[PDB]
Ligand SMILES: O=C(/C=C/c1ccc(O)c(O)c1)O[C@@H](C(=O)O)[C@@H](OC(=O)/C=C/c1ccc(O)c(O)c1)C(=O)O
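One chain follows as structure tokens, the form deposited without the ligand.
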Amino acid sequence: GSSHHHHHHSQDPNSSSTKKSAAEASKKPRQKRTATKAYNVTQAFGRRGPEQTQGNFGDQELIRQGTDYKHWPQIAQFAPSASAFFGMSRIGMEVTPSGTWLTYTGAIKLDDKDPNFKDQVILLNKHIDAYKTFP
């Protein structure tokens, strides 16, 4: 069935799917959640939109599929490891009326010697602010 198919493999259809239910996946802290077809980007991380507290990344297909998206590894290659997240980013702490927040900012350079560089630019352009085009 649909829940047996992951990005790199399909399970035995007689087995239980190893995808987490939305009920279980939602018990993780927001930053540790993993979106899949069973627990989509909106469920895990909220709507895409223009406000500073909303994410802006992902077209309709990526939003619905999360890490099941056909090109997920080509996006995830730019996400930082935990060591790199705290190593590369400017980290701050803000206390606001909405709570206490760990802020992060940074920039990650694409490798222009990577043979896929041009396709990486096209793929990122397809998802950055993609919600502006949604019907």
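Start at 1 with the first residue shown and count on from there.
If you look for the form deposited with the ligand bound, you will not find it shown, but the lines that follow are about it.
Colleague: Among 77, 42, 34, 56, which has any heavy atom within 4.5 Å of the ligand in the deposited complex?
Modeller: When the ligand is considered in the deposited complex, the option within 4.5 Å is 42.
Colleague: Does residue 70 reach the ligand in the deposited complex, with heavy atoms at most 4.5 Å apart?
Modeller: Residue 70 lies outside the contact set for the ligand.
Colleague: What residues, if any, in 113-128 have a non-hydrogen atom within 4.5 angstroms of the ligand in the deposited complex?
Modeller: Result: empty, none.
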